[PDB]
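Here are the chains, one letter per residue:
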Amino acid sequence: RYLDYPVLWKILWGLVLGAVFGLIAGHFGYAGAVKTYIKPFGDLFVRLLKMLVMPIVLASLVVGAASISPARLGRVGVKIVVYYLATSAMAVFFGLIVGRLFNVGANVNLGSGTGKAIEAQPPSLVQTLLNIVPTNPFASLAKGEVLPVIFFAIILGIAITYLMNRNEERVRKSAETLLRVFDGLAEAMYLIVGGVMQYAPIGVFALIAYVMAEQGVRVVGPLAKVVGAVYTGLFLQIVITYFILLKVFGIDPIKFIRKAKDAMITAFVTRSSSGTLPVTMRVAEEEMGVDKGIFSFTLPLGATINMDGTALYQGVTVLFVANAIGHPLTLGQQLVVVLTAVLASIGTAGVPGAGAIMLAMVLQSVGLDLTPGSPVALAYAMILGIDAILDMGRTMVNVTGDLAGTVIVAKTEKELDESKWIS
Amino acid sequence: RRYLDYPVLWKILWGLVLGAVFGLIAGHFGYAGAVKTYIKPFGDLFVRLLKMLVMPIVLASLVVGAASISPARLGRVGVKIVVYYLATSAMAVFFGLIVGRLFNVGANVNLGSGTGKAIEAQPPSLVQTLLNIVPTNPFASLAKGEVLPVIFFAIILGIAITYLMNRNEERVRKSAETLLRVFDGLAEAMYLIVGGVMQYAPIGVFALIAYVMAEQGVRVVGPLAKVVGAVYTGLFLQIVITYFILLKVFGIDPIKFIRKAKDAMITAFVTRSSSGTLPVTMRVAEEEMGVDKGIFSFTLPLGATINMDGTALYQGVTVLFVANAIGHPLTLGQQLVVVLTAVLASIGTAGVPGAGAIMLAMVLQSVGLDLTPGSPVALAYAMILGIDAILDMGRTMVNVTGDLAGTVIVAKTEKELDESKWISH
Amino acid sequence: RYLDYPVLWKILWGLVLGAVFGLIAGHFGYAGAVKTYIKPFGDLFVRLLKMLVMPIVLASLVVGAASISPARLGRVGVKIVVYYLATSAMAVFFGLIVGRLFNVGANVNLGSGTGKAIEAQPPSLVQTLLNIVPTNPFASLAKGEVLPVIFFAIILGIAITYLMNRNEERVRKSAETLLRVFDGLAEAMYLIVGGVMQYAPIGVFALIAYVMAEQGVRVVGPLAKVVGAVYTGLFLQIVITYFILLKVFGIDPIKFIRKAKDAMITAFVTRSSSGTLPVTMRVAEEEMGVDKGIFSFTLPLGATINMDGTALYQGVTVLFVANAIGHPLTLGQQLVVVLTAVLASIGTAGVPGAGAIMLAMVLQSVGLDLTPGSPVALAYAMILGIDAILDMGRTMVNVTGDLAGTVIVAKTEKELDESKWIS
Ligand SMILES: N[C@H](C(=O)O)[C@H](OCc1ccccc1[N+](=O)[O-])C(=O)O
Ligand SMILES: N[C@H](C(=O)O)[C@H](OCc1ccccc1[N+](=O)[O-])C(=O)O
Ligand SMILES: N[C@H](C(=O)O)[C@H](OCc1ccccc1[N+](=O)[O-])C(=O)O
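What counts, and where the lines are drawn
- Summary of conventions: residues on each chain are numbered from 1 in written sequence order, possibly unlike the entry numbering, and any residue without coordinates is omitted from what is shown.
- Working convention: letters from A go to chains and numbers from 1 go to ligands, in the order in which they are written.
- Side-chain descriptors were evaluated using all non-hydrogen atoms of the structure, hydrogens and water having been removed beforehand.
- Two residues qualify as a contact provided that any one of their heavy atoms is within 4.5 Å of a heavy atom in the partner residue.
- Buried area, as used here, totals the accessible surface that two parts lose on assembly, with accessibility defined by a 1.4 Å probe and the loss added over both.
- Each reported salt bridge corresponds to a side-chain nitrogen of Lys or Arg within 4 Å of a carboxyl oxygen of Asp or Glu.
- We define a polar contact as two N or O atoms separated by no more than 3.5 Å, with the added condition that, inside protein, one atom must be a possible hydrogen donor and the other a possible acceptor, whereas residues neighbouring each other in sequence contribute only through side-chain atom pairs.
- Helix numbering and strand numbering both begin at the N terminus, where a helix is a DSSP run of H or I of at least 4 residues and a strand a DSSP run of E of at least 2.
- Polarity classes work like this: nonpolar for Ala, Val, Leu, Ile, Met, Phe, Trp, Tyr, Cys and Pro, charged for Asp, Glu, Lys and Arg, and polar for all others, with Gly in that last group.
- Every axis in this analysis is a line fitted to C-alpha atoms, fitted for helices over the stretch in contact. Angles between the N-to-C directions lie between 0 and 180 degrees.
- Should the near helix be turned counterclockwise from the far one by less than a right angle, the crossing is left-handed, whereas a clockwise turn marks it as right-handed.
- Each copy is brought onto the others through a least-squares superposition of its C-alpha atoms.
- UniProt positions are given in the numbering used here, feature names are shortened, and annotations may be inferred rather than shown by experiment.
- It suffices for a single heavy atom of a residue to lie within 4 Å of a molecule or strand for the residue to be listed as near it.
- For the accessible areas, the method is Shrake-Rupley and the probe is 1.4 Å, while residue cover comes only from the protein chains on display.

X-ray crystallography is the method the PDB entry lists for this structure, together with a resolution of 3.2000 Å.

Structural data, given as structure tokens:
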């Protein structure tokens, strides 16, 4: 008797009601009950999404790479990579701007020196690039490594397309049967995503309630100033960067938002970019009208290697730590911050738990060495106090940038269905 | 070579009885090492051949069955089979307590204990176990052999395929039908391989029962022998009283059910593995009981996972044994708490690895028998574990039998039972 | 632009140029640079090959077992097993012969007694044989265990063949759909192998360059005698054993060599038999002309349990250590060496980390006990100093013996396409 409501209003009601409920319940100390009784529902939602993340990626990408030309796929890849890099750089730049504007960490008033530390910690870039190529596709599937799955699925789709054009008949029949199996699997995955979207309001409610109950009291003082700065920066990235990029390519951005809102809310409430990937892919297919050969490749790669929100988060937090210990970053230092942030988003591709690694590398690039007990470690733990509050918004902005790049590359290659954008 | 020329049913029965007598004779004379070195490998090969098929057959059969059935009908089937499982488990602990008090298990152990109720062993939170039913990676759940997430994913996939095959578009319907045909072929090949392995099954049953009797045959004396007798009488009671009455009230002739299930029964008994017998149990369900895939392809793996009436009866006997051993006999209310906590542990230990010791520890803790090292209750528990395999054979047999009985009952209720298989002449 | 050249001439140029380049660069001490800048390309090539091993083996073997009779498959298995054992015995024989000819270890002049014994237990044959039978096919696929995959694929193919001959019609359609899926997967895998063969020159160059740069300086004194002995023994095994076996069965050996050249070079540069397995399978089908039901089963089993090169290597190294410590092996001890070497190649079938277990087993079989600090341990580390130079040839000869056995069994079963052998 609950499914009778519109799903969009249901997800919005879930979000707002969970926010207010978690805030009031954490302000009254019953947050444990929220962790005991309310959070399991959001946990169930996130588990249902993670269940679908891998098969949908495999099947959708093999089908899309099959139903497209290799030169087209390479052109799409170069376009989407240039887009991702430009958006990440603009995100770090906006983050530094809003950090210097809010003067984040100015009132922390901590004392620190130049006590250095050596680190050979950055993961080898060559080894990660090699690790893009799996040594066992079944293992990469079981271990949930998305980039090896992308590589294997693209190669398999290209092979299937080359196989269906043979003078022999057995070869064409077998290749077409395989492609039909993969297509049925992908369609079933999208249907199951649509089905799970009915439980999404309860999951959003529970997740936002737990997050607000736990870390709602901690957003005071300089941490509150940082929260305001990061949210202003994310809003700035969205509006300025994404809307300008969309209108330049002649697409209505407000409709883009009305379509992406589902993936936006899901990414925001789950704080997992790759975990929302099924919802983002469904939004690409059955609302925006993007061709499979575009998004089935750009969206997983975007969720993996394109994080504008985290880029802006690092850009603001480095200035916060700098002003906290009393060593504000110079202009050249901020330029180095932007450069090392993009280089860390690229060099930590698929490396597990890279957010702390990326932030440590960004701090190292300017000299802020994360030695235990040091004041910089104190400021970093201060930030990790509100890390989840920031993670919601940064994940939302990451998935939004991914979707914007996908639709832009589709509009360029004329693979975008305009019927869904004219009402 | 010319060994398949005999009926495979008589062959597995002969294997069982000859291996039982052979293991008893070889273990009573101390030659158990030779049996462990030369004879057991064949039973190991049999159990490995059976384990090989468990995952693909379950996945494919359940995807096909959930596809070829209605979602509301499947949910009704789930509710029916779950209430059946719980009622049978409760009756099983009740029978176990009855036969334990009748045999007076543990009376002559004569151990000393006080009221020193020490607390240990934080139980894993139930909510996380319930959530773990939903997989986070189907490929990973397949590789790890986790049965319940595979069940969930397969049900969802079958429902999706059925709803996909009824679309106004035509290409999508063809693709969905191709996928369903792939799963159907995989399942049929798996059942054919189960039938093939059933020809080697006599050697496996012989070797397994021989090894078990050789190892733990000398240890079934005194109070441990009384426990063996009590638990086997209780398992026989559960079979006869509970299962036959449940079948006859629902209008099924129980002797036919037993004569058909005997293959899976013998396999479960000799292998002591429920999920390892699951392929044989499903083939018996299809080609003997006449159950539709949409019923058993869902109820039989879930039953092998979360329905163990034999283990409930085993706990009902062993808790009374330990209580009488340490000299603190269980009251009637304590025995009711035993039954309730045993059913609740069969529910709360769904798919958690190594959950049998967890369940027994929980039932012992629920009455105060706390397993502190060196304590008398731990001593009595190790005394029981001395004959663990001897008891495991029968309890596994009864688990698989209860699973099959529930599946057949729920199938007959949903009209998915083929009555042609039940008419003589 | 660069693919416009014949790929065979390209891989040969890569091999020889990389050999000379690594030799020149290691004689000047800059070999570290080769490990930093050159080796990643060979690593990429080897990972691209590792990616394909599981899908190609699974699909090819299920298809071949389907498209063949079970009795024929068993006869082929018996033939190929007898071939493998005979070739391994001949390999240890040639190793002992060339070792006695080169007098390996004579000038080491080490001192040893009859002291303390070590016992690397041989894996019990029963447990390994049982582990051939998987308990979970998905797990064996993810873990890359080849023999359980072989067993499961053979059983599945036989089941599909028995299913296609049933009175029911839906069952035949489903079985044919499944077999078509597997066939398409196998054909796509072979197409991808052909594609990777275009990058193969760079990988071959990089691998041989790294191996020569690292272990090029190490070929001095008795180690040079060991290198010469093992290479002469492998050359003899090829010419004497394999050519005679091929000509006896009415096959032209020079044609076999000219066809196997691709898998030979790949195995040589990658030193991995199972990693070269896709190239060997493609060469077997589309050059040698063997039916799927033959090679799709014999070639993986050969890569797993047939290693003539390693057998000859052990035959040489045992004599080397014996002459090093000053206790030359008697004739009966050398016979025990060959017997235990064949029995260890059989008893370490699919057991992880073999060859070290096998060599320890042979040394225990003659009494040379590998206790740490002992002179035998010193000589063994002396040998392991140049392990890769020998490993190249050992892997090449292993895959060559596998291919020769496959072609011989095909000629016997008349499953060999003679058109591919007509000039
Ligand atoms: N989890 C957030 C997100 O949804 O992007 C965000 O990125 C984490 C991150 C970074 C690099 C590679 C992969 C991931 N990852 O997906 O955990 C963060 O924690 O700040
Ligand atoms: N071993 C018997 C069987 O399952 O066949 C039976 O159950 C043990 C049990 C319990 C829970 C999860 C898994 C298992 N398991 O498979 O060992 C028993 O010993 O009473
Ligand atoms: N690597 C060589 C080869 O390609 O055969 C050769 O065998 C190693 C070996 C042995 C047993 C199982 C697997 C492997 N393996 O593939 O590393 C060697 O190192 O001497």
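Moving on from the coordinates now.
## Observations concerning the interface of chain B and chain A
Accessible area lost when the parts come together is the quantity often used to give the size of an interface. In this assembly, 25 residues from chain B lie in contact with 24 residues from chain A. When the two sides are added together, the surface that chain B and chain A hide from each other amounts to roughly 2,200 Å², 76% of it contributed by carbon and sulfur. Looking at the side of chain B facing chain A, the largest losses of area belong to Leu131, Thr136 and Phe139 of chain B, adding up to 25% of the total buried there. For the pair chain B and chain A, the number of links is one salt bridge. Linking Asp183 of chain A and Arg171 of chain B is a salt bridge whose minimum nitrogen-to-oxygen distance equals 3.4 Å.

## Notes on the interface of chain C and chain A
The partner chain A presents 26 residues to the 25 residues of chain C that form the contact. It is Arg47, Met51 and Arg180 of chain C that lose the most area in chain C upon contact with chain A, and together they represent 31% of the buried surface on that side. A salt bridge links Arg170 of chain A to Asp183 of chain C; its shortest N-O distance comes to 2.8 Å. Seen at the junction of chain C and chain A, the total is seven residue pairs in polar contact. Going through the elements one at a time, α2 (31-66), α5 (137-143) and α7 (170-215) of chain C are the ones with two or more residues in the side of chain C that touches chain A. Counting residues per element, the side of chain C that touches chain A draws most heavily on α7 of chain C, which supplies eleven residues. The residue inventory of the side of chain C that touches chain A, partitioned by class, reads 15 nonpolar, three polar and seven charged.

## Details of the packing of helix α10 (residues 274-289) of chain B against helix α16 (residues 388-413) of chain B
Residue and element names in this part refer to chain B. Between α10 and α16, whose axes approach to 11 Å, the crossing angle comes to 35°. Crossing hand, α10 versus α16: right-handed. Residues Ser274, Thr281, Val284, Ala285 and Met289 of α10 touch α16, and the partners they reach there are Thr396, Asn399, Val400, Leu404 and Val408. Taken together, the residues of the contact of α10 with α16 sort by class into six nonpolar, four polar and no charged.

## Some words on the relation of the copies chain C and chain A
In screw terms, the move from chain C to chain A is a rotation of 120° and a rise of 0.0 Å along the axis, fitting with an RMSD of 0.6 Å. Taken together, the rotation and translation relating the two chain copies correspond to the operation of a three-fold axis. An asymmetric contact is evident, with only 12% of the interface residues of chain C recurring at the interface of chain A.

## Let's talk about the UniProt feature "transmembrane region" (unreviewed entry) in chain A
Residues and elements named next belong to chain A. UniProt records the feature "transmembrane region" (unreviewed entry) at residues 5-28, 48-68, 80-102, 146-164, 185-210, 230-249, 335-361 and 373-390, using the numbering of this structure. With 88% helix and 0% strand, residues 5-28 has its two end C-alpha atoms placed 31 Å apart. Regarding residues 146-164, the helix share stands at 95% and the strand share at 0%, and the terminal C-alpha atoms are separated by 27 Å.

## A closer look at the site of ligand 1
All names here are of chain A. Near ligand 1, the surroundings consist of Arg271, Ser272, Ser273, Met307, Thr310, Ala354, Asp391, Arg394, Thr395 and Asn398. Residue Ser273 places a main-chain N or O atom 2.9 Å away from an oxygen atom belonging to ligand 1. Relative to its free-state accessible area of 430 Å², ligand 1 is covered by the protein chains to the extent of 74%. For the shell around ligand 1, a count of residues per class yields two nonpolar, five polar and three charged.

## A look at the UniProt feature "transmembrane region" (unreviewed entry) in chain B
Residues and elements named next belong to chain B. Feature annotation in UniProt assigns "transmembrane region" (unreviewed entry) to the following positions: residues 6-29, 49-69, 81-103, 147-165, 186-211, 231-250, 336-362 and 374-391. Taken end to end, residues 81-103 comprises 100% helix and 0% strand; its first and last C-alpha atoms sit 32 Å apart. For residues 231-250, the helix share is 95%, the strand share is 0%, and the end-to-end C-alpha distance is 27 Å.

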